[PDB]
Protein chains: 2
Amino acid sequence: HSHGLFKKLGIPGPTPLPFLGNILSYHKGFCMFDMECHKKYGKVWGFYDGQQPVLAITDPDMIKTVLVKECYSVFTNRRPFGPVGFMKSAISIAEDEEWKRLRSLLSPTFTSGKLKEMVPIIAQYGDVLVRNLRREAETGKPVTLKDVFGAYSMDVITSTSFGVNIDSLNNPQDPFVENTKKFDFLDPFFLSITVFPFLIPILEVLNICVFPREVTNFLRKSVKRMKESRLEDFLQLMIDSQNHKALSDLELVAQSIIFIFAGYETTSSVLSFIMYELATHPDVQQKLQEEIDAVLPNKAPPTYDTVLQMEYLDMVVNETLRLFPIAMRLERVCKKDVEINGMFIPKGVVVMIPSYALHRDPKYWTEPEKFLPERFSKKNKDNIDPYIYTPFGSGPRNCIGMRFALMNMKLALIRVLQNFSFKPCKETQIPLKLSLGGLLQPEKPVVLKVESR
Amino acid sequence: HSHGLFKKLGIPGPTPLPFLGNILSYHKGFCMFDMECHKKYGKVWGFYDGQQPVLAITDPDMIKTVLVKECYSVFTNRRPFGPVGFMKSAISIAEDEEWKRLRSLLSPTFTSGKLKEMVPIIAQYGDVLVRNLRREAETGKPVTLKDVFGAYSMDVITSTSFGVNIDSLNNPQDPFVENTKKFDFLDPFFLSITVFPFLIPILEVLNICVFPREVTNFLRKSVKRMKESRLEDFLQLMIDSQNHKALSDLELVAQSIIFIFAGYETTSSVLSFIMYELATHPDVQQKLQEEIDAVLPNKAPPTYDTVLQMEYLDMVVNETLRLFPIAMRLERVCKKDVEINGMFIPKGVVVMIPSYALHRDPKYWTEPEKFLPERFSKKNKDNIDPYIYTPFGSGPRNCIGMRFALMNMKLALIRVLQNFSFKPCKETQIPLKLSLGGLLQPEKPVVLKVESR
Ligand code: HEM
Ligand code: HEM
Ligand SMILES: CC(C)(C)OC(=O)N[C@H](CSC[C@H](Nc1ccccc1)C(=O)NCc1cccnc1)Cc1cccc2ccccc12
Ligand SMILES: CC(C)(C)OC(=O)N[C@H](CSC[C@H](Nc1ccccc1)C(=O)NCc1cccnc1)Cc1cccc2ccccc12
């Protein structure tokens with residue numbers, strides 16, 4: 001069918017198999033496949049997710065044209081994702097004018113002004129974090145980060161989005177925590193999708209959701225109770241906004257679901273990659289406790305302004321995100337016949353930017369596998385192309401939650417490094433192995449020793 | 001396609017719509033549709049679940065030929081059910097020689113000899129039931145039966161099948177309880193099945209299970225730990241039996257899953273229908289406490305022999321099961337061109353016995369909507385056709401768990417009625433309304449007052 005498209009256009013790439021395309025090559029994971037394609041083929045190449053053509057690009061100008069210059073015109077949507085059900089209306093999933101509308105209604109939620117109002121609340125849970133860490137540091141029993149971080153990141157969402165305040169590590173079975181804890185793009189299911197994308201319309205008419213039909217109905221009503229218990233946070237910022245069109249009720253639920261997830265799994269996963277790097281680089285960790293103590297003496301509480309003051313803290317976070325950009329790739333569907341930077345791109349091709357591989361290219365990064373926060377010092381931070389280093393994307397469809405994510409993680413680190421130091425255990429996987437699957441997550445979970453200062 | 005089959009054969013029935021068949025008629029539920037078809041059409045009739053022909057029969061001789069005489073030859077399997085995944089091997093689902101084999105390997109599990117050994121264990125949880133009922137009887141706050149009964153019935157399964165001992169009402173969040181608590185044949189999904197049965201093979205290759213891919217994998221390993229923590233109950237009776245073919249590992253998991261469910265949802269639901277009837281018939285309830293006190297004076301513990309001694313207890317249970325046969329219908333797929341009792345039945349037709357309607361036919365039951373346990377007294381119990389009253393089916397494929405179910409429920413009742421009496425509350429739905437959906441369960445859950453004797 002559409003297997004001859006790259007041979008024709010003169011773009012190189014691995015030869016596709018009938019039906020499967022190049023997907024057997026995902027057996028080492030997206031990231032390794034991207035690195036190898038990049039090395040073997042240069043600046044542009046092509047491959048087929050089943051029948052779907054995918055054009056990878058690594059030129060910073062071309063990348064900017066896709067993500068910024070020609071976003072509204074050509075490269076507006078992400079790869080069709082399904083089956084979604086009513087989550088078709090979630091901002092990260094929606095398309096064209098429905099997205100533009102949702103991006104407009106939801107943008108003022110993420111300003112610096114509202115972000116500054118959420119700091120005192122994310123603080124109270126920064127303490128709750130300490131108390132549950134102290135119990136396991138005074139009990140010299142190794143600690144699993146995703147649990148305690150996830151409990152924290154869960155605590156921050158529920159509060160920043162609905163007010164619900166829970167000790168999710170100590171109230172792990174409170175129902176509002178159950179639902180909310182519940183996508184491996186290389187598991188039995190989504191591989192079957194790529195080989196049978198004609199099956200998505202089938203699953204839709206069958207009221208099948210990759211977002212289980214149960215969790216969603218919990219929040220559809222949890223919201224429409226809160227909706228009627230508030231006028232009788234994120235949700236509030238959304239109800240107040242339905243006062244360019246009417247932000248409906250079920251749409252409001254779908255945004256909540258996307259925010260809940262992002263602020264939980266992404267935030268907690270990144271915070272775990274950081275503490276790993278800090279533990280396997282003891283000096284970096286010490287240097288940061290020194291900076292935190294210098295800006296916040298006597299273990300003083302971090303404020304909004306003192307967080308943006310801490311520069312090595314910023315350097316550490318950016319560097320972790322270099323080595324582990326949790327999105328792995330950025331993507332846009334080409335909606336017209338177009339030509340950008342001298343190259344013809346036909347309609348329907350997915351254009352892909354392989355962030356993970358670019359973050360680790362030796363043609364922009366010296367010793368790229370090494371954790372070296374100094375790359376981001378205000379001296380060298382100018383020698384870093386913002387279209388090579390893109391942990392939050394770029395352009396009108398970049399990560400809306402970027403400012404909040406950064407602030408959330410950094411307040412976690414500050415209140416935690418004030419009180420504790422983190423040391424590799426015996427059971428600590430060194431060096432960390434990335435999941436061979438479809439997620440930027442560790443092969444084995446991260447386990448470390450903790451000591452009260 | 002196959003819509004002309006009953007018009008041809010000369011069998012009456014509602015005219016089918018293209019594609020849908022007669023399924024819009026399920027809008028009052030299977031049970032009402034069966035009663036009306038029975039009244040309007042007589043002893044035999046036909047309808048179409050989509051394209052699938054279904055022949056309903058109500059003649060006791062014909063019924064016995066299907067369920068008993070010609071079971072191995074013609075009417076061996078139940079209606080194909082999907083998508084099932086590895087649960088294809090569960091006994092209630094399997095077919096032909098794979099079923100015969102599993103029915104043979106699993107039958108000795110349910111003898112009177114093993115049943116008598118399980119009594120002391122189902123007893124210890126009969127007490128655990130009392131303590132959690134007393135807390136809500138000394139707190140004059142109405143009680144919801146499915147919860148406390150389900151917690152009990154859950155406690156009996158886990159123990160009778162794997163030894164795991166849990167206070168599931170007080171340990172409601174113990175993980176082994178979580179999984180195990182997790183089919184509406186008229187919900188968005190299964191209606192779509194009947195209209196697109198060609199979609200089941202699609203869902204199978206897509207590793208889609210109506211038994212969620214997660215709960216199953218919990219027990220697949222929970223078993224293969226117990227498998228290796230036992231030689232280093234039901235499960236034991238099965239591992240000991242793999243010592244006519246080798247009972248494999250994944251097959252063992254699939255039987256456990258079917259047993260866990262049946263012993264939980266069926267048992268707890270029936271026990272809730274009984275206490276409703278007892279509360280809305282105060283004399284019946286009193287009479288049974290008198291019989292229990294007479295056989296077990298001083299609130300003496302029930303034994304295996306004293307349970308089979310109690311006859312009004314038997315009368316009460318049978319009568320409840322008359323009014324609420326939780327299976328609603330029995331079914332067999334006709335696998336050959338055949339003729340039974342003067343009627344030609346072609347290959348592939350589902351033959352259906354509408355138990356609910358027959359249990360409520362005024363042509364065998366006087367005042368059938370009334371709860372009258374005397375119908376089952378040893379005087380009148382002979383005027384009751386065992387192919388009209390069939391709460392557990394009949395023949396080689398009848399309910400394997402019948403003896404155990406009866407024993408389990410009755411030990412619950414005895415230890416509970418010894419200590420408490422049950423009274424209708426204000427919020428008590430009288431008369432009980434049956435679910436308009438695809439389950440023999442109450443519209444509103446059953447809530448009753450409880451008083452310590
Ligand atoms: C460390 C945490 C996070 C990282 C590294 C991250 C990264 C990203 C990336 C790479 C994208 C795609 C951008 C593009 O295609 O140009 C994205 C999109 C998005 N992110 Fe995040 N993200 C994070 C956390 C969050 C959080 C906490 C939220 C909370 C609201 C959030 C909400 C979104 C949304 C809604 C989108 C889609 C935006 C749109 O399509 O208009 N993200 N993120
Ligand atoms: C009050 C409780 C129960 C009732 C009213 C009930 C009723 C039934 C009915 C009507 C059938 C279909 C019989 C037929 O088609 O002839 C059946 C099948 C079955 N029941 Fe039960 N049942 C109950 C509890 C249980 C329990 C506790 C178990 C535990 C193992 C169990 C295991 C099975 C199995 C395995 C089958 C399928 C048998 C086969 O296909 O070989 N049932 N039950
Ligand atoms: C767990 C991890 C980090 C290894 O993998 C993913 O997170 N799995 C995404 C799944 S599908 C769209 C997704 N909803 C969703 C998913 C699960 C539960 C509820 C809702 C979503 O947008 N979450 C917000 C988010 C996630 C990450 C960074 N910032 C924001 C992959 C994905 C798919 C499509 C577009 C994306 C755009 C940006 C980022 C990820 C995208
Ligand atoms: C909840 C209720 C009582 C209103 O409705 C059903 O229980 N939903 C059955 C579903 S599918 C086969 C089923 N597995 C299964 C189901 C759920 C979770 C795990 C396994 C099964 O066999 N459970 C054993 C059982 C159930 C009832 C009485 N005794 C034994 C309907 C069903 C389907 C096919 C054959 C059946 C044969 C006998 C009885 C029911 C059958």
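A note on names: the letters A, B, ... follow the listed sequences, proteins ahead of strands, and every chain is numbered from 1. Start at 1 and go down the list; that is how both ligands and their atoms are numbered.
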Nearest option to atom 15 (C) of ligand 4, as decided by whichever heavy atom of B/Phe211, B/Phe81, B/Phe183 sits closest: B/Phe211
Nearest option to atom 18 (C) of ligand 4, as decided by whichever heavy atom of B/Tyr264, B/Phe261, B/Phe185, B/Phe392 sits closest: B/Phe261
Evaluate the 4.0 Å heavy atom contact test for [atom]: does a protein atom fall under the cut-off?
atom: atom 34 (C) of ligand 4; value: no
atom: atom 6 (C) of ligand 4; value: yes
atom: atom 3 (C) of ligand 4; value: no
atom: atom 24 (C) of ligand 4; value: yes
atom: atom 39 (C) of ligand 4; value: no
atom: atom 30 (C) of ligand 4; value: yes

Ring centroid separation B/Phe259 to B/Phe110 under 6.0 Å: yes
Aromatic centroids of B/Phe404 and B/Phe234 separated by under 6.0 Å: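 Judged by ring-centre distance (under 6.0 Å), B/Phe234 and B/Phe404 do meet the cut-off.
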Which N or O atoms of ligand 1 sit under 3.5 Å from a protein N or O, and how far apart is each pair?
unit_1	atom_1	unit_2	atom_2	d
ligand 1	15 (O)	A/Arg78	NH2	3.1
ligand 1	15 (O)	A/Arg332	NH1	2.8
ligand 1	15 (O)	A/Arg332	NH2	3.2
ligand 1	16 (O)	A/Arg332	NH2	2.9
ligand 1	16 (O)	A/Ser394	N	3.4
ligand 1	16 (O)	A/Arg397	O	3.3
ligand 1	40 (O)	A/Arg78	NH1	2.8
ligand 1	40 (O)	A/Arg78	NH2	3.4
ligand 1	40 (O)	A/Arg397	NE	3.0
ligand 1	41 (O)	A/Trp99	NE1	2.8
ligand 1	41 (O)	A/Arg103	NH1	2.8

Cation-aromatic face contact A/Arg403/A/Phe392, 6.0 Å, 45 degrees: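 Not flagged: A/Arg403 not positioned over aromatic ring of A/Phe392.
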Partners passing ring pair (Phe, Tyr, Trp, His ring centres under 6.0 Å) against A/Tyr356 (at least two apart in sequence or in another chain): none
Residues that B/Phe183 engages under ring pair (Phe, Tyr, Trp, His ring centres under 6.0 Å), provided they are two or more places apart: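 Once residues adjacent in sequence are excluded, the partners of B/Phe183 under the ring pair (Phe, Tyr, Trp, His ring centres under 6.0 Å) criterion are B/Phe81, B/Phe190, B/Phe211.
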Could you tell me, atom by atom, which parts of ligand 4 come under 4.0 Å of a heavy atom of [X]?
X: B/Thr266; result: 26 (C), 27 (C), 28 (C)
X: B/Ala262; result: 24 (C), 25 (C), 30 (C)
X: B/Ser92; result: 21 (C), 22 (O)

Ligand 4 versus B/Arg78: contacting region, heavy-atom distance under 4.0 Å: side chain
Salt bridge present between B/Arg101 and B/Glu251 (N-O < 4.0 angstrom):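 Counted as a salt bridge, because a side-chain N and a carboxylate O are separated by less than 4.0 Å.
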Sidechain N-carboxylate O distance under 4.0 Å for A/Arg78, A/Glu331: no
Atom 14 (N) of ligand 4 - nearest protein heavy atom and its distance: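 Scanning the protein heavy atoms, the shortest distance from atom 14 (N) of ligand 4 goes to B/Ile258 CD1, 3.3 Å.
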Euclidean distance, A/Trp99 CH2 relative to A/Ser89 OG, rounded to 0.5 Å: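 Spacing of OG (A/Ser89) from CH2 (A/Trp99) equals 15.5 Å.
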Point-to-point distance, once rounded to the nearest 0.5 Å, from NZ of A/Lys410 to CG of A/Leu406: 5.5 Å
Which atom pairs, one a donor and one an acceptor, fall under 3.5 Å between side chains of residues 316-329 of chain B and the rest of the protein, sequence neighbours left out?
unit_1	atom_1	unit_2	atom_2	d
B/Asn318	ND2	B/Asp314	OD2	3.0
B/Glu319	OE1	B/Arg322	NE	3.0
B/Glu319	OE2	B/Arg322	NH2	2.9
B/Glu319	OE2	B/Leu372	N	2.7
B/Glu319	OE2	B/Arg375	NE	3.1
B/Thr320	OG1	B/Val316	O	2.9
B/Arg322	NH1	B/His359	O	2.9
B/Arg322	NH1	B/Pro368	O	2.9
B/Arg322	NH2	B/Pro368	O	3.1
B/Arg322	NH2	B/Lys370	O	3.1
B/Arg329	NE	B/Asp34	OD2	2.9
B/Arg329	NH2	B/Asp34	OD1	2.9

N or O pair under 3.5 Å between B/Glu265 and ligand 4: no
Neighbour count above 12 (heavy atom, 6.0 Å) for A/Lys146 NZ: no
A/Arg103 atom CZ, neighbour heavy-atom count above 12 within 6.0 Å: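 Result for CZ/A/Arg103: enclosed.
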B/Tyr152-B/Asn408 side chain donor-acceptor pair, cut-off 3.5 Å: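 Yes, side-chain donor-acceptor contact under 3.5 Å.
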